[PDB]
Structures are given as structure tokens and as C-alpha cells.
>>> print(open('structure34.csv').read())   # CSV, C-alpha atoms
chain,number,residue,atom,x,y,z
A,10,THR,CA,233.5,217.6,237.0
A,11,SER,CA,231.8,219.2,240.0
A,12,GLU,CA,229.0,216.6,239.7
A,13,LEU,CA,231.3,213.6,239.5
A,14,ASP,CA,233.0,214.8,242.7
A,15,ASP,CA,229.7,215.1,244.6
A,16,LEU,CA,228.6,211.6,243.7
A,17,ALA,CA,232.0,209.9,244.3
A,18,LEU,CA,232.2,206.8,246.5
A,19,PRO,CA,234.6,207.0,249.4
A,20,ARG,CA,238.3,207.0,248.4
A,21,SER,CA,239.4,204.6,251.0
A,22,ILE,CA,236.8,201.9,250.2
A,23,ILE,CA,237.6,202.1,246.5
A,24,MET,CA,241.3,202.0,247.3
A,25,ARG,CA,240.9,198.8,249.3
A,26,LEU,CA,239.0,197.3,246.4
A,27,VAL,CA,241.8,198.3,244.0
A,28,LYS,CA,244.6,197.0,246.2
A,29,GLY,CA,242.7,193.8,247.0
A,30,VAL,CA,243.5,192.4,243.6
A,31,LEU,CA,247.1,193.7,243.4
A,32,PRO,CA,250.3,192.1,244.8
A,33,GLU,CA,251.3,193.3,248.3
A,34,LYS,CA,252.9,196.8,248.4
A,35,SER,CA,251.7,197.8,244.9
A,36,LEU,CA,251.1,201.5,244.7
A,37,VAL,CA,248.3,203.4,243.1
A,38,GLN,CA,248.9,206.9,241.8
A,39,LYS,CA,246.8,210.0,242.7
A,40,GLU,CA,245.0,210.6,239.4
A,41,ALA,CA,244.8,206.9,238.8
A,42,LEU,CA,242.7,206.2,241.9
A,43,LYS,CA,240.5,209.2,241.0
A,44,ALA,CA,240.1,207.9,237.5
A,45,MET,CA,238.8,204.6,238.9
A,46,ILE,CA,236.5,206.3,241.5
A,47,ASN,CA,234.9,208.2,238.7
A,48,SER,CA,234.8,205.2,236.4
A,49,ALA,CA,232.9,203.5,239.2
A,50,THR,CA,230.3,206.2,239.3
A,51,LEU,CA,229.7,205.9,235.6
A,52,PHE,CA,229.5,202.1,235.9
A,53,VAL,CA,226.7,202.5,238.4
A,54,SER,CA,224.8,204.7,236.0
A,55,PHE,CA,225.6,202.4,233.0
A,56,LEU,CA,224.3,199.3,234.7
A,57,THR,CA,221.3,201.2,236.2
A,58,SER,CA,220.3,202.5,232.8
A,59,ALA,CA,220.5,199.1,231.1
A,60,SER,CA,218.5,197.6,234.0
A,61,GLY,CA,215.9,200.3,233.8
A,62,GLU,CA,215.4,199.6,230.1
A,63,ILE,CA,214.7,195.9,230.8
A,64,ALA,CA,212.2,196.9,233.5
A,65,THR,CA,210.5,199.3,231.0
A,66,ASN,CA,210.5,196.6,228.3
A,67,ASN,CA,208.7,194.4,230.8
A,68,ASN,CA,206.2,197.2,231.5
A,69,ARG,CA,207.3,197.3,235.1
A,70,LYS,CA,207.9,200.5,237.1
A,71,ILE,CA,210.2,198.6,239.6
A,72,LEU,CA,213.7,197.9,238.6
A,73,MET,CA,214.1,194.3,239.9
A,74,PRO,CA,217.2,192.1,240.7
A,75,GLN,CA,216.5,190.0,237.6
A,76,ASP,CA,216.6,193.2,235.5
A,77,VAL,CA,220.1,193.8,236.9
A,78,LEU,CA,221.2,190.2,236.1
A,79,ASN,CA,219.8,190.4,232.5
A,80,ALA,CA,221.4,193.9,232.1
A,81,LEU,CA,224.9,192.3,232.6
A,82,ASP,CA,224.4,190.5,229.3
A,83,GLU,CA,223.3,193.7,227.6
A,84,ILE,CA,226.3,195.7,228.8
A,85,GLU,CA,228.5,192.7,228.2
A,86,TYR,CA,229.7,191.9,231.7
A,87,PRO,CA,228.2,188.4,231.8
A,88,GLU,CA,231.2,187.2,233.9
A,89,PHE,CA,229.6,189.0,237.0
A,90,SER,CA,226.5,187.0,236.8
A,91,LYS,CA,227.5,183.9,238.9
A,92,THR,CA,228.7,186.2,241.8
A,93,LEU,CA,225.6,188.5,241.7
A,94,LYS,CA,223.3,185.4,241.8
A,95,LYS,CA,225.2,184.2,244.9
A,96,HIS,CA,224.6,187.6,246.6
A,97,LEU,CA,220.9,187.5,245.6
A,98,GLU,CA,220.5,184.0,247.0
A,99,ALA,CA,222.1,185.0,250.3
A,100,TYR,CA,220.0,188.3,250.4
A,101,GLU,CA,216.7,186.6,250.3
A,102,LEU,CA,217.8,183.7,252.5
A,103,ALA,CA,218.7,186.2,255.3
A,104,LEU,CA,215.5,188.1,254.6
A,105,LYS,CA,213.2,185.2,255.4
A,106,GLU,CA,214.8,184.9,258.8
B,1,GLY,CA,245.5,186.1,262.5
B,2,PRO,CA,242.3,184.0,261.9
B,3,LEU,CA,242.7,180.2,262.5
B,4,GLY,CA,241.1,179.1,259.3
B,5,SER,CA,240.6,180.0,255.7
B,6,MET,CA,238.8,183.2,254.6
B,7,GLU,CA,235.0,183.0,254.4
B,8,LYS,CA,233.0,185.7,252.5
B,9,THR,CA,229.6,186.8,253.7
B,10,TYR,CA,227.4,187.1,250.6
B,11,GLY,CA,224.4,189.4,250.3
B,12,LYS,CA,226.2,192.5,251.5
B,13,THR,CA,228.2,195.2,249.8
B,14,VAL,CA,231.3,197.0,251.1
B,15,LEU,CA,230.0,200.2,249.5
B,16,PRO,CA,227.8,202.7,251.3
B,17,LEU,CA,224.4,201.9,249.9
B,18,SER,CA,223.0,205.4,250.4
B,19,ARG,CA,225.8,206.8,248.1
B,20,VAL,CA,225.1,204.2,245.4
B,21,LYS,CA,221.4,204.9,245.6
B,22,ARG,CA,222.2,208.6,245.1
B,23,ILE,CA,223.8,207.8,241.8
B,24,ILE,CA,221.0,205.4,240.8
B,25,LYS,CA,218.5,208.1,241.6
B,26,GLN,CA,220.0,210.5,239.0
B,27,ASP,CA,218.7,208.2,236.2
B,28,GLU,CA,215.7,210.2,234.7
B,29,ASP,CA,214.0,207.0,233.3
B,30,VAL,CA,213.9,204.8,236.4
B,31,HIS,CA,210.7,205.0,238.5
B,32,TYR,CA,212.0,203.1,241.5
B,33,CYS,CA,215.0,200.9,242.1
B,34,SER,CA,214.3,198.1,244.7
B,35,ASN,CA,216.7,197.6,247.6
B,36,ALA,CA,217.7,194.1,246.3
B,37,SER,CA,218.4,195.7,242.9
B,38,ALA,CA,220.6,198.4,244.6
B,39,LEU,CA,222.6,195.7,246.4
B,40,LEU,CA,223.3,193.8,243.2
B,41,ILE,CA,224.2,197.0,241.4
B,42,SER,CA,226.6,197.8,244.3
B,43,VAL,CA,228.3,194.4,244.1
B,44,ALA,CA,228.6,194.7,240.4
B,45,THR,CA,230.4,198.0,240.9
B,46,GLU,CA,232.8,196.3,243.3
B,47,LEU,CA,233.5,193.7,240.7
B,48,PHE,CA,233.9,196.4,238.1
B,49,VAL,CA,236.6,198.3,240.1
B,50,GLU,CA,238.5,195.0,240.6
B,51,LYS,CA,238.3,194.4,236.9
B,52,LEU,CA,239.5,197.9,235.9
B,53,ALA,CA,242.3,197.7,238.4
B,54,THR,CA,243.5,194.3,237.2
B,55,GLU,CA,243.6,195.4,233.6
B,56,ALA,CA,245.4,198.6,234.5
B,57,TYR,CA,247.9,196.6,236.6
B,58,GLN,CA,248.6,194.1,233.7
B,59,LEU,CA,249.5,197.1,231.5
B,60,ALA,CA,251.9,198.4,234.2
B,61,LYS,CA,253.4,194.9,234.6
B,62,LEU,CA,254.2,194.9,230.8
B,63,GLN,CA,256.5,197.9,231.3
B,64,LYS,CA,258.0,196.1,234.3
B,65,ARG,CA,256.3,198.5,236.8
B,66,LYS,CA,254.9,197.7,240.3
B,67,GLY,CA,252.2,200.3,240.4
B,68,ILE,CA,249.2,201.7,238.5
B,69,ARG,CA,249.6,205.2,236.9
B,70,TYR,CA,246.8,207.3,235.4
B,71,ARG,CA,247.9,206.4,231.9
B,72,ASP,CA,247.5,202.7,232.7
B,73,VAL,CA,243.9,203.3,233.4
B,74,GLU,CA,243.6,205.5,230.3
B,75,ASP,CA,245.3,203.0,228.0
B,76,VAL,CA,242.9,200.3,229.2
B,77,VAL,CA,239.8,202.4,228.3
B,78,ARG,CA,241.5,203.2,225.0
B,79,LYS,CA,242.1,199.6,224.0
B,80,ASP,CA,239.3,197.5,225.5
B,81,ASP,CA,235.7,197.1,224.2
B,82,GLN,CA,234.3,196.4,227.6
B,83,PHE,CA,235.3,199.9,228.8
B,84,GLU,CA,233.9,201.8,225.8
B,85,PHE,CA,231.3,203.4,228.0
B,86,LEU,CA,234.1,205.3,229.7
B,87,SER,CA,235.3,207.0,226.5
B,88,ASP,CA,233.8,210.4,227.2
B,89,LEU,CA,235.3,210.5,230.7
B,90,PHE,CA,238.9,209.9,229.5
B,91,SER,CA,238.4,212.0,226.4
B,92,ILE,CA,239.8,209.3,224.0
>>> encode(input="structure34.csv", output="C-alpha cells")
Amino acid sequence: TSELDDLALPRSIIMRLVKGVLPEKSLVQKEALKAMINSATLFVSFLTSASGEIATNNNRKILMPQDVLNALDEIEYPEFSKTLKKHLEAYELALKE
Amino acid sequence: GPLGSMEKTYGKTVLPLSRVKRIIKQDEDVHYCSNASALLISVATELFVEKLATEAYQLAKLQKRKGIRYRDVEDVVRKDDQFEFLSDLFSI
């Protein structure tokens, strides 16, 4: 658990994400927030791994944004795809300017 | 208060990218993860947290509660296929 704690994303940023989808004045318990912070770390690893596999299967060393988009299907979170595509579109629009 | 409706800026994450990259870097099989890839992985993580919190909250709402407890988060991972990858963490 020492490793999970060193990798953990900031408690306040995660908390804001949590409360952002709950009614006003909803509370979130101690060990619940930590449960979700840790789950978030594993989700990064989970999606990264699946994306790396798709990169490897394409005989590429660089894990590319399209590997991430196709990894959503493999890890069965295809409902994130529309939003990620939107971010990707915006990212390379801003880039070219 | 703002005078109009809320407008999201896409192409940015609210997460600290350096921290997300540190987790990404732990993967022994990845040679290099591009910045664009890191951004998308970061946004997916935001969406993931929102999803987990929503399902945890719905469980709480069933027992007429206003807040999320640890066992709400646990029961979600216990019952929902999409959260199978968390099974080790919660010792189900």
C-alpha cells in the first residue's frame, strides 16, 4: 500500500471530480474517497496496459492516441470514446496554432 | 456568477500530467507514451472517477442515504463487470 500512496493523485482534485457528479451538499467518507483515489491509479495502469498492447500489436514503440481510443473497446469503456475524441480534436487544433 | 452558460475547454485535463505520467511510466511493457496519449489517458481517468462515484452514489441512494461510504464503493466493485479490474484492490 506504500506504493499506491506514493502514486496517488491529489485528494482535492479527485474530490472535486467526485462531488461534481453528486447533488449539492452530498458528503463523501474518508475511506471512500481514498478508495476512489486508489481506483483511479489502477485505472491509469489498466488503460495504459491495454493501450500498450495495441501499440505492440501494431509493431510500434510509441503508444499513440488511437491506441488509447481502441483500448477503450478492449477494457469495455466504449462510452468514453466520444469525449476523448473531442479532447483529441481540440488538442491538435490548439497545437497547429 | 458568469453571465452565460458553462463552456468547457477541451484538450486539457484537470489532473497534474506529471503525476499521471509517473503512473504510466511504471508499466514495464510500454516503450514511450506520447503526450497526446497521456492527455487522453488523463481525461479517461477523470471520466472513470465520475463513473465510479455515480454508481457508488446510486447504491447509497437506494438505502435513502445522502453520501458515499466505503462500502458503497466496495459493493459497486463487487457487483459490476466494468469494475472487475479493481477486484484485487478491494479484496473481493
>>> residues_around(input="structure34.csv", residues="residue 89 in chain A", least_positions_apart="2", cutoff="12 Å", atoms="all atoms listed in the file", output="MDAnalysis selection string")
(chainID A and resid 56 77:82 84:87 91:96) or (chainID B and resid 40:48 50:51)
>>> closest_atom_pairs(input="structure34.csv", of="chain A", to="chain B", cutoff="6 Å", atoms="only C-alpha atoms", output="CSV")
residue,atom,partner,partner_atom,distance
A:27,CA,B:53,CA,5.7
A:35,CA,B:67,CA,5.2
A:36,CA,B:67,CA,4.6
A:37,CA,B:68,CA,5.0
A:38,CA,B:69,CA,5.2
A:40,CA,B:70,CA,5.5
A:41,CA,B:70,CA,4.0
A:61,CA,B:30,CA,5.6
A:70,CA,B:31,CA,5.5
A:71,CA,B:32,CA,5.2
A:72,CA,B:33,CA,4.8
A:73,CA,B:37,CA,5.4
A:74,CA,B:37,CA,4.4
A:93,CA,B:40,CA,6.0
A:96,CA,B:11,CA,4.1
A:99,CA,B:11,CA,5.0
A:100,CA,B:11,CA,4.5
>>> atom_distance(input="structure34.csv", atom1="CA of residue 67 in chain A", atom2="CA of residue 90 in chain A")
20.2 Å
>>> atom_distance(input="structure34.csv", atom1="CA of residue 59 in chain A", atom2="CA of residue 30 in chain A")
27.0 Å
>>> atom_distance(input="structure34.csv", atom1="CA of residue 18 in chain B", atom2="CA of residue 58 in chain A")
18.0 Å
>>> closest_residue(input="structure34.csv", among="A:33, A:69, A:83, A:42", to="residue 55 in chain A", atoms="all atoms listed in the file")
A:83
>>> axis_aligned_box(input="structure34.csv", around="range 73-80 of chain B", padding_each_side="5 Å", output="AutoDock Vina command-line options")
--center_x 242.3 --center_y 201.5 --center_z 228.7 --size_x 16.0 --size_y 18.0 --size_z 19.4
>>> closest_residue(input="structure34.csv", among="A:103, A:97, A:64, A:17", to="residue 49 in chain A", atoms="all atoms listed in the file")
A:17
>>> decode(input="structure34.csv", residues="range 11-102 of chain A", atoms="C-alpha atoms", output="PDB file, in the first residue's frame")
ATOM      1  CA  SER A  11       3.091   2.199   0.322  1.00  0.00           C
ATOM      2  CA  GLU A  12       3.348   2.290  -3.483  1.00  0.00           C
ATOM      3  CA  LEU A  13      -0.325   3.198  -4.028  1.00  0.00           C
ATOM      4  CA  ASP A  14       0.097   6.133  -1.662  1.00  0.00           C
ATOM      5  CA  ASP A  15       3.189   7.469  -3.485  1.00  0.00           C
ATOM      6  CA  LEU A  16       1.460   7.398  -6.879  1.00  0.00           C
ATOM      7  CA  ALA A  17      -1.834   8.854  -5.636  1.00  0.00           C
ATOM      8  CA  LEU A  18      -3.332  11.823  -7.478  1.00  0.00           C
ATOM      9  CA  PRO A  19      -4.153  14.904  -5.343  1.00  0.00           C
ATOM     10  CA  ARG A  20      -7.020  14.360  -2.882  1.00  0.00           C
ATOM     11  CA  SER A  21      -8.666  17.735  -3.580  1.00  0.00           C
ATOM     12  CA  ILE A  22      -8.721  17.323  -7.382  1.00  0.00           C
ATOM     13  CA  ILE A  23     -10.198  13.835  -7.116  1.00  0.00           C
ATOM     14  CA  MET A  24     -12.710  15.087  -4.528  1.00  0.00           C
ATOM     15  CA  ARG A  25     -13.888  17.837  -6.848  1.00  0.00           C
ATOM     16  CA  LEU A  26     -14.390  15.237  -9.617  1.00  0.00           C
ATOM     17  CA  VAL A  27     -16.387  13.082  -7.217  1.00  0.00           C
ATOM     18  CA  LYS A  28     -18.595  15.869  -5.917  1.00  0.00           C
ATOM     19  CA  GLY A  29     -19.059  17.278  -9.405  1.00  0.00           C
ATOM     20  CA  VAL A  30     -21.455  14.475 -10.279  1.00  0.00           C
ATOM     21  CA  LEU A  31     -23.314  14.397  -6.920  1.00  0.00           C
ATOM     22  CA  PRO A  32     -26.144  16.635  -5.645  1.00  0.00           C
ATOM     23  CA  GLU A  33     -25.153  19.727  -3.640  1.00  0.00           C
ATOM     24  CA  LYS A  34     -24.006  19.068  -0.052  1.00  0.00           C
ATOM     25  CA  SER A  35     -23.520  15.334  -0.619  1.00  0.00           C
ATOM     26  CA  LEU A  36     -20.788  14.012   1.615  1.00  0.00           C
ATOM     27  CA  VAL A  37     -18.016  11.584   0.829  1.00  0.00           C
ATOM     28  CA  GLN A  38     -16.463   9.454   3.587  1.00  0.00           C
ATOM     29  CA  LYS A  39     -12.737   9.233   4.422  1.00  0.00           C
ATOM     30  CA  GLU A  40     -12.036   5.700   3.324  1.00  0.00           C
ATOM     31  CA  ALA A  41     -14.429   6.091   0.383  1.00  0.00           C
ATOM     32  CA  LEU A  42     -12.505   8.950  -1.171  1.00  0.00           C
ATOM     33  CA  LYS A  43      -9.243   7.041  -0.661  1.00  0.00           C
ATOM     34  CA  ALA A  44     -10.871   4.005  -2.261  1.00  0.00           C
ATOM     35  CA  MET A  45     -11.621   6.112  -5.336  1.00  0.00           C
ATOM     36  CA  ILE A  46      -8.209   7.813  -5.422  1.00  0.00           C
ATOM     37  CA  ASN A  47      -6.596   4.360  -5.450  1.00  0.00           C
ATOM     38  CA  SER A  48      -9.060   3.010  -8.008  1.00  0.00           C
ATOM     39  CA  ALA A  49      -8.060   5.950 -10.202  1.00  0.00           C
ATOM     40  CA  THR A  50      -4.415   4.935 -10.025  1.00  0.00           C
ATOM     41  CA  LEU A  51      -5.268   1.394 -11.113  1.00  0.00           C
ATOM     42  CA  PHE A  52      -7.452   2.715 -13.918  1.00  0.00           C
ATOM     43  CA  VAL A  53      -4.489   4.675 -15.298  1.00  0.00           C
ATOM     44  CA  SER A  54      -2.427   1.453 -15.253  1.00  0.00           C
ATOM     45  CA  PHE A  55      -5.302  -0.607 -16.698  1.00  0.00           C
ATOM     46  CA  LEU A  56      -5.914   1.658 -19.686  1.00  0.00           C
ATOM     47  CA  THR A  57      -2.175   2.215 -20.183  1.00  0.00           C
ATOM     48  CA  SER A  58      -1.508  -1.505 -20.334  1.00  0.00           C
ATOM     49  CA  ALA A  59      -4.306  -2.213 -22.841  1.00  0.00           C
ATOM     50  CA  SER A  60      -3.086   0.723 -24.962  1.00  0.00           C
ATOM     51  CA  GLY A  61       0.490  -0.509 -24.852  1.00  0.00           C
ATOM     52  CA  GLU A  62      -0.680  -3.930 -26.124  1.00  0.00           C
ATOM     53  CA  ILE A  63      -2.405  -2.352 -29.111  1.00  0.00           C
ATOM     54  CA  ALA A  64       0.799  -0.370 -29.794  1.00  0.00           C
ATOM     55  CA  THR A  65       2.826  -3.582 -29.598  1.00  0.00           C
ATOM     56  CA  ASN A  66       0.382  -5.451 -31.851  1.00  0.00           C
ATOM     57  CA  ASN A  67       0.895  -2.658 -34.408  1.00  0.00           C
ATOM     58  CA  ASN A  68       4.683  -3.122 -34.070  1.00  0.00           C
ATOM     59  CA  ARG A  69       5.018   0.448 -32.795  1.00  0.00           C
ATOM     60  CA  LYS A  70       7.150   1.591 -29.844  1.00  0.00           C
ATOM     61  CA  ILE A  71       5.110   4.777 -29.324  1.00  0.00           C
ATOM     62  CA  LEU A  72       1.823   4.474 -27.513  1.00  0.00           C
ATOM     63  CA  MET A  73      -0.429   6.702 -29.691  1.00  0.00           C
ATOM     64  CA  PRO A  74      -3.764   8.449 -29.023  1.00  0.00           C
ATOM     65  CA  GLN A  75      -5.511   5.995 -31.361  1.00  0.00           C
ATOM     66  CA  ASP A  76      -4.149   3.120 -29.218  1.00  0.00           C
ATOM     67  CA  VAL A  77      -5.893   4.741 -26.242  1.00  0.00           C
ATOM     68  CA  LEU A  78      -9.167   5.140 -28.186  1.00  0.00           C
ATOM     69  CA  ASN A  79      -9.061   1.489 -29.315  1.00  0.00           C
ATOM     70  CA  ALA A  80      -8.093   0.368 -25.779  1.00  0.00           C
ATOM     71  CA  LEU A  81     -11.441   1.704 -24.516  1.00  0.00           C
ATOM     72  CA  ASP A  82     -13.169  -1.019 -26.536  1.00  0.00           C
ATOM     73  CA  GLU A  83     -10.858  -3.694 -25.149  1.00  0.00           C
ATOM     74  CA  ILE A  84     -11.303  -2.652 -21.491  1.00  0.00           C
ATOM     75  CA  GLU A  85     -15.023  -2.165 -22.192  1.00  0.00           C
ATOM     76  CA  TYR A  86     -15.352   1.528 -21.530  1.00  0.00           C
ATOM     77  CA  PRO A  87     -16.543   2.460 -25.034  1.00  0.00           C
ATOM     78  CA  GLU A  88     -18.814   5.159 -23.565  1.00  0.00           C
ATOM     79  CA  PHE A  89     -15.684   7.345 -23.008  1.00  0.00           C
ATOM     80  CA  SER A  90     -14.778   7.391 -26.669  1.00  0.00           C
ATOM     81  CA  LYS A  91     -16.899  10.350 -27.892  1.00  0.00           C
ATOM     82  CA  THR A  92     -15.455  12.600 -25.144  1.00  0.00           C
ATOM     83  CA  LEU A  93     -11.811  11.516 -25.682  1.00  0.00           C
ATOM     84  CA  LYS A  94     -12.155  12.135 -29.436  1.00  0.00           C
ATOM     85  CA  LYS A  95     -13.375  15.635 -28.646  1.00  0.00           C
ATOM     86  CA  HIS A  96     -10.332  16.311 -26.464  1.00  0.00           C
ATOM     87  CA  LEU A  97      -8.030  14.895 -29.146  1.00  0.00           C
ATOM     88  CA  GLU A  98      -9.580  17.096 -31.823  1.00  0.00           C
ATOM     89  CA  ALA A  99      -9.114  20.181 -29.581  1.00  0.00           C
ATOM     90  CA  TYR A 100      -5.566  19.177 -28.660  1.00  0.00           C
ATOM     91  CA  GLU A 101      -4.267  19.064 -32.210  1.00  0.00           C
ATOM     92  CA  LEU A 102      -6.301  22.123 -33.196  1.00  0.00           C
TER      93      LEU A 102
END
